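As structure tokens, the structure follows; a few thoughts come after it.
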Amino acid sequence: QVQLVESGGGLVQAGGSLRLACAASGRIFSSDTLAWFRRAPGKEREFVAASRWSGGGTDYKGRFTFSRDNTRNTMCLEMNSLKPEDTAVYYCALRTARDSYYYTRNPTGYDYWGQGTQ
Amino acid sequence: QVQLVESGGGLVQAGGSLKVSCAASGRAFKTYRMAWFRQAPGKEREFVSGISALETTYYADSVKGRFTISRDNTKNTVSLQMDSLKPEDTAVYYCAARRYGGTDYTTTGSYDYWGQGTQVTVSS
Amino acid sequence: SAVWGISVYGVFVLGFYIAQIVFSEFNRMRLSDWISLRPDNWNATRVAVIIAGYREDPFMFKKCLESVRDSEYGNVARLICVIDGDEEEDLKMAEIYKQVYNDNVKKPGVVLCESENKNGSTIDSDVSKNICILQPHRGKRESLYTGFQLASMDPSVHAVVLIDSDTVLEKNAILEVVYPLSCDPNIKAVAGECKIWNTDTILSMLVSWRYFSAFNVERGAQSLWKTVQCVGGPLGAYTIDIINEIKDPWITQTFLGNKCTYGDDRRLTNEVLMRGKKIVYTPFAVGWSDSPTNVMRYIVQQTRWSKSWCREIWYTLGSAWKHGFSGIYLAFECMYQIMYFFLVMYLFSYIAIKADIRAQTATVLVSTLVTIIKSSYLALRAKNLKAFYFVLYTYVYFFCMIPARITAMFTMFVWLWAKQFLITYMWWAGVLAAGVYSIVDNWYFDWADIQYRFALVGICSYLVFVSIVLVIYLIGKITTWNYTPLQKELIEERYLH
Ligand SMILES: CCCCCCCCCCCCCCCCCC(=O)OC[C@H](COP(=O)(O)OCCN)OC(=O)CCCCCCCCCCCCCCCCC
Ligand SMILES: CC(C)CCC[C@@H](C)[C@H]1CC[C@H]2[C@@H]3CC=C4C[C@@H](OC(=O)CCC(=O)O)CC[C@]4(C)[C@H]3CC[C@]12C
Ligand SMILES: O=c1ccn([C@@H]2O[C@H](COP(=O)(O)OP(=O)(O)O)[C@@H](O)[C@H]2O)c(=O)[nH]1
Ligand SMILES: [Mn+2]
Ligand SMILES: [Mn+2]
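Protein chains in written order, with the entry's author numbering: chain C, 1 to 60, 64 to 121; chain B, 1 to 124; chain A, 38 to 450, 469 to 552.
Structure (structure tokens):
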């Protein structure tokens, strides 16, 4: 139904910043929420941030900021003051409200996953 | 087609009150416009008064308040009331009827229907 | 006599309309002031969406479901969809629902209203997941009760919004109907504006503006004093506690020993008003619904609405005094409606009997001037030039609603067809006979009369204005300029389907 395509990455030292951009090919329905998940090597995916399409926002912090264009169906996750343990394989995911309207951080609920950016 | 018949009219002293009634018989008197004309013995006939279907009253010159006209649809008759009559006003009076007409209403040709007429005589 | 009668009628109508406009403006200002203090991202209260439908077109149902899903409100416990189906042909609604939402569709074999246990726990076990209920065909009364029962499972839910199957909601429609509930404790119901989206028919074009004027004048005036008697079927909000209190009377209605089926919305508002609660209508909530394009169907709908109104007016009058100072305006409005109907009937009878051309022209001119003033006010309020087509509302009103009210009054105390349109046919025949009698009696021409020329000029100007309005409407129909922006998108989507 909805395909998530995102780009960005590279090797960045501990001092610097980098930018993400996830693009969705479909209809968000103004109620679906999207979250970003990072997977460290030899580790399971962990919650980072999420926000509903209509508004709001969830983190974890304040180090990572979430912004949504709401016009080109694209959103960005700007990060600053990186750390050696911060680097991991990031994923872009989407959650559908058809099953329920409750918001959860469990990756199992998310179905429309993306790919890695590092 | 309506038939007009008139009654009344007789000798009376100057300054008295006289009434003339013209009776019209037809399919509908309420939709017809009535008018009164007088013909002097030595002068041509002239307009006196007239009433439209919508109870609109028209008066000629010098008879604005002296003459009063009215119509009654129950008996389908029209009557003219004369007050403060002067001896110069004596003449034969005719009643006329009209249903279709233009802006002209003071001319003889506008009124197709006419009556026999009654002659009134007054002495000073 | 007649001059005084029409003068008094026009003066009183204009004064009442001006007072209603002032009341609506004051209510709008108060609502704007209340909204100006609303914090951003307000989601303190919890709301549940209840949708009921029957024999609904698949495209309309899909669009309604998408519009509900597009709401920007971040506090929705669950979506409840109750369909009076339990039939093979009704599985299309469930199939459409499964395409837009989850597949958790249940088809219980019993009706909650007719069951000994009115609790919904026998048919439902999960609250977080959205549920669709298929029940035997009983009516809209039973469909709403199932949604109310399913919405009372958890104490977290504080309010519910009732949405028709043919209602298209805006992004912030849900928020605008739940915000006024928290503004005042005495507020228990919130009314939302309903707008007609399709304007491809002359009947629907007038119906749209009639709905706009009604919602933005009468509902606003009622909500200024918080005495709204109709929250609106397509868009409406209610509190959970008042519903839990008044569910039993709303299902156990008894008028004359027989259960009532009509008056689904008016009766609920009357029951809310009987408790002394306050109802506030807001215009910032926009709902889109379709309108009938058939004269017979419109007449039937108007007859049913008139029946419901005349049945519920007694209860409204009997419950108005429970509000103390409030309710006086509601009683005055009811008396105004009754006296307006009686005065219109008496004036029509007087004109028919007398058939005076002077009175007819004056009455027509007064009515045209009043309608023109109303259309100008509507255009000023809506900022649209299409409101000037309201001048044609008089014809459709006279030819449709008056027979509808007559039938409603007569039905209080081949055969089916006679009970529906025979009264309308008799009314039309009587109107035609009165017109023929008026024309025949005044079959004369006198150009020397001041009054006759005035009446002729007035009637000619009225006919010319009517012809110009119809020509303008016909030109607009070909150009399709009168089509609403939402209608064009629906047409394009249907074409690309
Ligand atoms: C110059 C710029 C343009 C100006 C336009 C206005 C001026 C037009 C011209 C005026 C000048 C006068 C010259 C006109 C010449 C043609 C008119 C004419 O003379 O005939 C009119 C018609 C006669 O027709 P006929 O019955 O055949 O009699 C012929 C007798 N030789 O006589 C008639 O009977 C026709 C009138 C019919 C009666 C109509 C009366 C009004 C009826 C209103 C009914 C309202 C019913 C409402 C019902 C609902 C009420 C709620
Ligand atoms: C020879 C035959 C076929 C012609 C018959 C002519 C009349 C009998 C018809 C034509 C159009 C009708 C009119 C259309 C509109 C109105 C407005 C209505 O009053 C209002 O405007 C109410 C406003 C509101 O509150 O909505 C009174 C009846 C009236 C004059 C109708 C009276 C009957 C009319 C004149
Ligand atoms: O037996 C019925 C008849 C009507 N409706 C619902 O009532 C709403 C409005 O009905 P309708 O459009 O026929 O007339 P209205 O009440 O709007 O004037 C629609 O959503 C219908 O789905 C229903 O649920 N069961
Ligand atoms: Mn429909
Ligand atoms: Mn409907």
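Even for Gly, the Cβ is constructed at its ideal location relative to N, Cα and C.
Check, Outcome
"Going along the chain, which residues of its own chain have a beta-carbon closer than 6 Å to the beta-carbon of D301/A, five neighbours each way excluded?", "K177"
"Is the beta carbon of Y517/A sitting closer than 8 Å to the one on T400/A?", "no"
"For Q13/C, tell me which candidate among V5/C, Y105/C, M78/C and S84/C has the shortest Cα-Cα distance.", "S84/C"
"Roughly how many angstroms lie between the CA atoms of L429/A and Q39/B, to the nearest whole one?", "56 Å"
"State the Cα-Cα distance for the pair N73/C and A228/A, rounded to the nearest angstrom.", "30 Å"
"Just to confirm, is the Cβ distance from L206/A to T330/A under 8 Å?", "no"
"Sorted by chain position, which residues of the same chain lie with C-beta nearer than 6 Å to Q81/B's C-beta, five sequence neighbours on each side aside?", "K19 and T68"
"Could you tell me whether the stretch 201 to 218 of chain A touches the stretch 95 to 112 of chain A, where touching means 3 or more Cβ pairs closer than 8 Å?", "yes"
"Roughly how many angstroms lie between the CA atoms of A368/A and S260/A, to the nearest whole one?", "14 Å"
"Examine ligand 4 and report whether any of its heavy atoms sits within less than 7 Å of the Cβ of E93/A.", "yes"
"Does DSSP classify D327/A as helix, strand or coil?", "coil"
"Per DSSP, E230/A is paired with what?", "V323/A"
"Which complete alpha helix (DSSP H) runs does the stretch 72 to 128 of chain A hold, if anything under 4 residues is left out?", "95 to 106"
"In whole angstroms, what is the alpha-carbon distance linking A60/B and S21/B?", "19 Å"
"Can you list, in chain order, the residues of its chain whose CB lies under 7 Å from that of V164/A, leaving out five sequence neighbours each side?", "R115, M190 and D191"
"Nearest chain A C-beta to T103/B closer than 8 Å, yes or no?", "yes"
"Counting contacts by CB-CB distance shorter than 8 Å, is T56/B in contact with chain A?", "yes"
"In chain A, which residues lie less than 7 Å from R99/B when you measure between Cβ atoms?", "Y499"
"Considering only residues of the stretch 258 to 297 of chain A, which uninterrupted alpha helix (DSSP H) runs meet the minimum length of 4 residues and lie entirely inside it, listed in chain order?", "277 to 288"
"Cβ of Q338/A versus every heavy atom of ligand 3: is any distance shorter than 7 Å?", "yes"
"Return the residues of the stretch 504 to 521 of chain A that lie within a Cβ-Cβ distance of less than 8 Å from chain B, sorted by chain order.", "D504, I505, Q506 and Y507"
"Name the residues in the stretch 91 to 110 of chain A whose C-beta lies less than 9 Å from a C-beta of chain C; which are they?", "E103, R106, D107, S108, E109 and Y110"
"With a threshold of 6 Å on Cβ separation, who are the neighbours of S17/C within its own chain once the five nearest residues in sequence on each side are excluded?", "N83"
"Residue 452/A: beta carbon under 7 Å from a heavy atom of ligand 2?", "Coordinates for residue 452/A are simply not present: the residues of chain A run from 450 and resume at 469."
"With a threshold of 8 Å, are at least 3 pairs of Cβ atoms found where one atom belongs to the stretch 402 to 416 of chain A and the other to the stretch 527 to 538 of chain A?", "no"
"Apply the 10 Å Cβ neighbour rule to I527/A and answer buried if 16 or more other Cβ atoms are within range, or exposed otherwise.", "exposed"
"Taking contact to mean 3 or more Cβ pairs, one atom from each stretch, closer than 8 Å, check whether the stretch 238 to 256 of chain A and the stretch 212 to 226 of chain A are in contact.", "no"
"Taking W287/A as the query, report the chain B residues whose CB atoms sit under 8 Å from its CB, ordered along the chain.", "Chain B residues near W287/A: none, gap ~59 Å exceeds 8 Å."
"Using 8 Å as the Cβ pair cut-off and three pairs as the minimum, do the stretch 65 to 76 of chain A and the stretch 112 to 130 of chain A touch?", "no"
"Looking at the unbroken alpha helix (DSSP H) that takes in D72/B, where does it start and where does it end?", "Premise fails: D72/B lies in the beta strand (DSSP E), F67 to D72, not in any alpha helix (DSSP H)."
"Using only the heavy atoms of ligand 2, determine whether one of them is closer than 7 Å to the beta carbon of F378/A.", "no"
"Is the beta carbon of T183/A within less than 7 Å of some heavy atom of ligand 2?", "no"
"Just how far apart, CA to CA, sit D89/B and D72/B?", "25 Å"
"Tell me whether the stretch 29 to 45 of chain C and the stretch 86 to 102 of chain A touch, counting them as touching only if at least three CB pairs, one residue from each stretch, are closer than 8 Å.", "no"
"With C-beta atoms as the reference, is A251/A less than 8 Å away from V214/A?", "no"
"Is it buried or exposed for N64/A, if we count other Cβ within 10 angstroms and need 16 for buried?", "buried"
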